[PDB]
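Heavy atoms only: backbone and side chains are in, while hydrogens, waters and symmetry mates are out. Convention: sequence-line order gives letters A, B, ...; per-chain numbering from 1.
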Number of protein chains: 2
Amino acid sequence: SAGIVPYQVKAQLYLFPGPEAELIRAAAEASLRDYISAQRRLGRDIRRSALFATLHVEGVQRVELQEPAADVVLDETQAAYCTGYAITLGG
Amino acid sequence: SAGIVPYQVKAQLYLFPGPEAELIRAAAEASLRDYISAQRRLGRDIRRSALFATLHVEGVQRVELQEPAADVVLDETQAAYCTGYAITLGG
């Protein structure tokens with residue numbers, strides 16, 4: 001099999017309309033980048049449920065998560081690598 | 001007129017191998033009860049993404065959320081009511 005498993009995170013955040021909206025999105029992105037780094041360091045699977053939790057910073061009413069469409073499960077010889085992310089407002 | 005829209009929360013928690021499973025489960029349930037009361041008081045929609053975030057307390061690796069199977073979206077005259085919950089351990 002391939003040794004590196006690629007994944008992307010594509011999500012839309014739905015917020016209440018207000019001036020903090022762009023900031024909340026940046027907070028969600030920072031939280032995500034922290035998650036990406038942590039999972040890389042700990043070599044863990046990428047779970048949709050954890051990504052929802054990661055993106056649900058304060059002010060986020062719902063998260064629509066397009067990618068990854070399914071969990072990223074690694075076999076014993078694989079490592080996961082995030083090939084990019086796109087966190088936008090729904091909203 | 002508009003009534004009350006019922007929902008239940010059925011989920012299984014998959015935890016990281018380590019401490020006592022039951023304390024983590026109680027914390028997730030406690031977090032859930034807070035979410036239920038908060039949404040009822042604010043009359044907001046019930047979103048699966050928010051429930052994932054709610055159940056992802058420390059120690060939780062993955063959340064399987066059976067119910068509610070879909071988001072509970074209310075019109076301007078409706079209210080949501082949780083008719084019960086079941087938070088169990090996966091493995």
Any pair with a residue in residues 69-90 of chain A that passes salt bridge (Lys or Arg N to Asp or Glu O under 4.0 Å), sequence neighbours left out, goes on the list, sorted by first then second residue, please.
A:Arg47-A:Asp71
Quick one: list whatever passes side-chain hydrogen bond (donor to acceptor under 3.5 Å, both in side chains) with B:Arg48, sequence neighbours left out.
none
State which residues pass side-chain hydrogen bond (donor to acceptor under 3.5 Å, both in side chains) with A:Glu20; sequence neighbours excluded, sorted by chain then number.
none
With A:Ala21, which residues qualify under side-chain contact (heavy atoms from CB on, under 4.5 Å), at least two apart?
A:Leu15, A:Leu89
Going by side-chain hydrogen bond (donor to acceptor under 3.5 Å, both in side chains), name the residues that satisfy it together with B:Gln8, two or more places apart in sequence or in a different chain.
none
Are the side chains of B:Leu13 and B:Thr88 in touch, meaning some heavy atoms are under 4.5 Å apart?
no
With sequence neighbours excluded, tell me which residues meet salt bridge (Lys or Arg N to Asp or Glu O under 4.0 Å) with B:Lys10.
none
For A:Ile4, look at atom CD1 and say whether over 12 heavy atoms of other residues, nucleotides or ligands are found less than 6.0 Å away.
no
With sequence neighbours left out, which residue pairs that include part of residues 69-91 of chain B fulfil the ring-ring contact (aromatic ring centres under 6.0 Å, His included) condition?
none
Any chance you could measure A:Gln61, atom CD, to A:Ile24, atom CD1, to the nearest 0.5 Å?
8.5 Å
Going by the salt bridge (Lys or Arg N to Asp or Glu O under 4.0 Å) test, which pairs reach into residues 26-43 of chain B, not counting sequence neighbours?
B:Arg25-B:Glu29, B:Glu29-B:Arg33
With sequence neighbours left out, what residues match A:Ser1 under side-chain hydrogen bond (donor to acceptor under 3.5 Å, both in side chains)?
none
Please tabulate, for the side chains in residues 52-59 of chain A, all donor-acceptor contacts under 3.5 angstrom to protein atoms that are two or more places apart in sequence or on a different chain.
{"unit_1": "A:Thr54", "atom_1": "OG1", "unit_2": "A:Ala50", "atom_2": "O", "d": "2.7"}
{"unit_1": "A:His56", "atom_1": "ND1", "unit_2": "A:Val60", "atom_2": "O", "d": "3.3"}
{"unit_1": "A:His56", "atom_1": "NE2", "unit_2": "B:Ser49", "atom_2": "OG", "d": "2.7"}
{"unit_1": "A:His56", "atom_1": "NE2", "unit_2": "B:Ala50", "atom_2": "N", "d": "3.2"}

Rounded to the nearest 0.5 Å, what's the gap from SG on B:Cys82 to CD1 on B:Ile46? Could you check?
8.0 Å
Where at least one partner belongs to residues 5-49 of chain B, residue pairs that pass ring-ring contact (aromatic ring centres under 6.0 Å, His included), sequence neighbours excluded:
none
Taking a hydrophobic cluster as the set of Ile, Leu, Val, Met, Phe, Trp and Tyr residues connected by side-chain heavy atoms closer than 4.5 Å, whether directly or through intermediates, do B:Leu23 and B:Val63 fall within one such cluster?
yes
Can you list everything that forms a side-chain contact (heavy atoms from CB on, under 4.5 Å) with A:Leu74? Sequence neighbours excluded, please.
A:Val5, A:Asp45, A:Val72, A:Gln78, A:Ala80
